[PDB]
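With the entry's author numbering, letter number 110 in the sequence shown gets 113, and the count goes up by one each step, no holes.
First up is the structure itself, then whatever we jot down about it.
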Amino acid sequence: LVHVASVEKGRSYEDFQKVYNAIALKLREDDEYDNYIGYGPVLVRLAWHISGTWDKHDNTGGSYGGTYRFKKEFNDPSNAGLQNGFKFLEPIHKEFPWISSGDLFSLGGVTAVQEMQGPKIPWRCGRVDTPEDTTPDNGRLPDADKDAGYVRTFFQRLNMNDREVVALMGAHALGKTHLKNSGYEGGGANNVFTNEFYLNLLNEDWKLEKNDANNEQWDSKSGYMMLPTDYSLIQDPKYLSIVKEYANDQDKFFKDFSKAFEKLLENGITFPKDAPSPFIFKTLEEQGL
Ligand code: HEM
């Protein structure tokens, strides 16, 4: 399939900065969500899951068509919990009805990363809502009870290499698992974007335990947890080298995450040669708002 980005009619940077601001102000306002984590991490997870359905082989799935809005995808077991992100964005969509669904879901992720003190993520508009029959079947998102070889093969479908996979996974510094969503038990959580995922992988004393859903996960006495696929990044020697790199260089992690996350959000989209350049949105803080 070819999906050509089409700018929402007459819109420019200032329009999208307004949408960014509305999302950011609501992120600040709705601070109580999920035991005071706020909506930042679930917005990042939503932007990833609406993108992570992409298949490079036939260009099905991906963020372009906004298909998460349709019941098949909305009800994917892999997406359990994401309804909260969708509900958060609903009033934003209603205030700015001109923005496409894929643009809104992906921008929500960019906004959340930046507002949580993450790197700037350049972002491009022009995703166009596609019909219900374009919604990808369930089962394209990854399982957590797997090893490094699984992770590496899985991400080849999204055209991501080892460095991109390790960078993207640093998002698991954010938020938590919820037993009722995924069968993984979380505890403490953070809503500030840092490279701490890599530091925790290397520095904590991990114990392989069974949780209350009878699934294995790696736990530390500090109350930290890792999925088996997280832990695989220190079991595989190629992933381990990159983990160490990011643990020792915050700026390099930020730069690599920004590139990979934009790429993830743009996979499947053809941008015309005279499309606008990617937008870099100012944070609320930078605007004095
Ligand atoms: C091997 C690949 C991955 C697997 C198996 C995986 C699995 C999971 C699972 C099981 C959860 C818990 C969901 C819940 O119980 O609420 C989760 C949460 C999350 N994921 Fe991943 N994930 C992967 C990659 C990624 C990527 C690439 C990103 C973004 C760059 C990401 C961002 C997040 C975030 C921010 C959360 C927390 C959401 C919240 O706190 O509500 N994940 N992931």
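C-beta atoms are modelled at their ideal positions from N, C-alpha and C, and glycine is treated no differently.
Item                                                                                                                                                                  : Value
Locate the beta strand (DSSP E) running through residue 211, then write down its first and last residues.                                                             : 210–213
Let me know if residue 106 comes out buried or exposed under the rule of 16 or more other beta-carbons within 10 Å of its beta-carbon.                                : buried
How big is the Cα-Cα spacing for residue 208 and residue 223?                                                                                                         : 6 Å
Return helix, strand or coil for residue 308, following the three-state DSSP convention.                                                                              : Here the chain has residues from 4 to 292 only, and residue 308 is not among them.
Looking at residue 155 and the ligand HEM, is the gap between the Cβ and the nearest heavy atom below 7 Å?                                                            : no
On the premise that residue 272 lies in contact with residue 67, defined as a C-beta separation below 8 Å, what is that separation, rounded to the nearest angstrom?  : 5 Å
Please state if the CB of residue 204 and the CB of residue 229 are separated by a distance shorter than 8 Å.                                                         : yes
Would you tell me roughly how many angstroms separate the C-alpha atoms of residue 185 and residue 81, rounded to the nearest one?                                    : 8 Å
Got a sec? Which residues, its chain only, sit under 6 Å from residue 87 by beta carbon, not counting five neighbours each side?                                      : 45
If contacts are defined as beta-carbon pairs under 8 Å, then residue 93 and residue 25 qualify, I think. What distance do you get, rounded to the angstrom?           : That pair is no contact at about 12 Å.
Tell me whether the beta-carbon of residue 171 lies closer than 8 Å to the beta-carbon of residue 264.                                                                : yes
Helix, strand or coil: which one does DSSP assign to residue 6?                                                                                                       : strand
Would you mind giving the Cβ-Cβ distance between residue 245 and residue 169, rounded to the nearest angstrom? I have them listed as a contact below 8 Å.             : 4 Å
So, using beta-carbon positions, are residue 69 and residue 132 closer together than 8 Å?                                                                             : yes
Please report the distance separating the alpha-carbon of residue 283 from that of residue 189.                                                                       : 33 Å
Thinking C-alpha only, which one of 291, 213 and 108 is nearest residue 71?                                                                                           : 108
Give the secondary structure of residue 172 by DSSP, where H, G and I count as helix, E and B as strand, and everything else as coil.                                 : helix
Where do the ends of the alpha helix (DSSP H) carrying residue 58 lie?                                                                                                : No alpha helix (DSSP H) contains residue 58, which DSSP labels as neither H nor E.
May I have the straight-line CA-CA distance separating residue 279 from residue 8, to the nearest angstrom?                                                           : 10 Å
Is any non-hydrogen atom of the ligand HEM found closer than 7 Å to the C-beta of residue 47, if you look at the structure I gave you?                                : yes
Round the Cβ separation of residue 238 and residue 187 to the nearest angstrom and send it over; I've been treating them as touching at under 8 Å.                    : The Cβ separation is near 18 Å, so there is no contact.
Have a look at 90, 179, 157 and 140 and flag the residue whose alpha-carbon is nearest the alpha-carbon of residue 76.                                                : 140
Can we count residue 56 as close to the ligand HEM, meaning its CB is less than 7 Å from some heavy atom?                                                             : no
Taking 7 Å as the cut-off, does the CB of residue 229 come closer than this to any heavy atom belonging to the ligand HEM?                                            : no
On the DSSP letters alone, give me the boundaries of the beta strand (DSSP E) that residue 18 sits inside.                                                            : Taken as a continuous stretch (DSSP letters only), residue 18 belongs to no beta strand (DSSP E), being part of the alpha helix (DSSP H) at 16–32.
Determine the direct distance from the alpha carbon of residue 151 to that of residue 129, and round the result to whole angstroms.                                   : 35 Å
Candidates 248, 277, 41 and 281: which alpha carbon is nearest residue 262's?                                                                                         : 281
Using the Cβ count rule (16 or more neighbours within 10 Å means buried), how would you classify residue 225?                                                         : exposed
Is it buried or exposed for residue 216, if we count other Cβ within 10 angstroms and need 16 for buried?                                                             : exposed
Which whole-angstrom value describes the C-beta separation of residue 198 and residue 253, a residue pair presumed to lie in contact below a C-beta threshold of 8 Å? : 5 Å
In whole angstroms, what separates the C-alpha of residue 120 from that of residue 196?                                                                               : 6 Å
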